[PDB]
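*Asks:* Reading the sequence shown from the start, the letters are residues 1146, 1160 to 1270, 1282 to 1324, 1330 to 1344, 1356 to 1472 in full-length UniProt numbering. In this text, a Cβ means the ideal position worked out from N, Cα and C, and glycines have one as well. Once you've had a glance at the structure underneath, I'll fire off some questions.
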Amino acid sequence: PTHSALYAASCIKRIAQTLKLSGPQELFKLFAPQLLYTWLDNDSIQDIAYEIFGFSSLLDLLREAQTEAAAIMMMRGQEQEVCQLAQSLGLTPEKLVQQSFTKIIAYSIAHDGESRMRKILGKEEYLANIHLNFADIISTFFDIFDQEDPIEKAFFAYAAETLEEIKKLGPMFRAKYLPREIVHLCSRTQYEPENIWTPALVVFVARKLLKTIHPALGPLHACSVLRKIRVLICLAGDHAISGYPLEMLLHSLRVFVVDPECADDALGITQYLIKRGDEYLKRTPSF
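Below, the structure is given as structure tokens:
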């Protein structure tokens, strides 16, 4: 997508209706990234089909698609179109960019344009926004990174052996980026890019990864999310094998071990965690 508008509308209503989903808009909430990317590649947001994903408006479709659309525009570059989005909304481009700063930086760092963010906010405000949105940015970095060849890039001189052990037991951007990406963001805050893996951040990112999976989204999603979790566990190192992170990971990886699709990934991570956290599991026999 004239009748094709109405037919696609009824089809999406039936898809999200017979899948334990709320409505058609809650089916756009799951797929807006890919649709918006592939469509805004060569088109403009203002002429999109607000009749699929029943919205009854374009200013209704926008009060949800600010973040993805704005971040993708600023990923490729449509400055006048970001300004047009902002005009249509009611908010000037500046407070808009202040609303969706996290995804903007996630994509931009992935697609390398941050200087273009400095030229609209400033050079003492942009850094305050990076300080305010650090963990959300790392979470959005683990969302979009594609699992291609992480061990090759690792040698970050400890992730390689760790991922090798966990493999011996049992918008998309390439894995080769992932370390350097983090570095480039963390060379503008105070916290050094080397060692930023306190347990709060670890549990944050891991819960994000798990929440990403979904029952309606397929049993092929899960094994990719699991590979990325293995990357997080090998990278975090010694904070994800002791304390509450250990308990929290053992739980969900158990749930992935009873999945008949792939119990090759989760059995390995589980062996590694149980074996390495022996000094801790002897203090908590009730768990």
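(1) Measuring straight from C-alpha to C-alpha, what distance separates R1468 and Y1332?
(2) Does the distance from the CB of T1336 to the CB of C1419 come in under 7 Å?
(3) To the nearest angstrom, how far is it from the Cα of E1338 to the Cα of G1344?
(4) Got a sec? Which residues, its chain only, sit under 8 Å from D1423 by beta carbon, not counting five neighbours each side?
(5) Tell me the DSSP secondary structure of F1358 in three-state form.
(6) Can you tell which of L1243, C1241, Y1195 has the C-alpha that lies nearest to the C-alpha of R1234?
(7) If you reduce the DSSP assignment to three classes, tell me which class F1211 lands in.
(8) Taking only the alpha-carbon atoms, compute the straight-line gap between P1470 and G1462 and give it to the nearest angstrom.
(9) Given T1225, which residues of its chain have a CB within under 7 Å of its CB, disregarding the five upstream and five downstream residues?
(10) Express the C-alpha separation of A1304 and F1389 in angstroms, rounding to a whole number.
(11) Note down the Cα distance separating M1357 from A1264, rounded to an integer number of angstroms.
(12) For the candidate residues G1403, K1341, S1266, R1412, whose alpha-carbon lies nearest to that of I1367?
(13) How far does the alpha helix (DSSP H) with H1406 in it extend, from its first residue to its last?
*Replies:* According to the structure shown:
(1) Roughly 27 Å separates the two Cα atoms.
(2) Taking the C-beta atoms as reference points, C1419 is found nearer than 7 Å to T1336.
(3) Their backbone Cα atoms lie some 10 Å apart in a straight line.
(4) Within its own chain, no residue has a Cβ closer than 8 Å to the Cβ of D1423 once the five positions on either side in sequence are excluded.
(5) DSSP places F1358 in strand when its eight states are reduced to three.
(6) Minimum Cα-Cα distance from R1234 among the listed residues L1243, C1241, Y1195 corresponds to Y1195.
(7) Looking at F1211 - three-state DSSP - the assignment turns out to be coil, as it is neither helix nor strand.
(8) Their Cα atoms are separated by approximately 12 Å.
(9) The residues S1258, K1261, in chain order, have a CB closer than 7 Å to that of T1225 in the same chain once the five nearest residues on each side in sequence are set aside.
(10) The alpha-carbon of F1389 is positioned some 8 Å away from that of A1304.
(11) Taking the straight line from one Cα to the other gives about 12 Å.
(12) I1367 has its Cα closest to that of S1266, out of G1403, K1341, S1266, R1412.
(13) Element bounds for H1406: 1406-1421.
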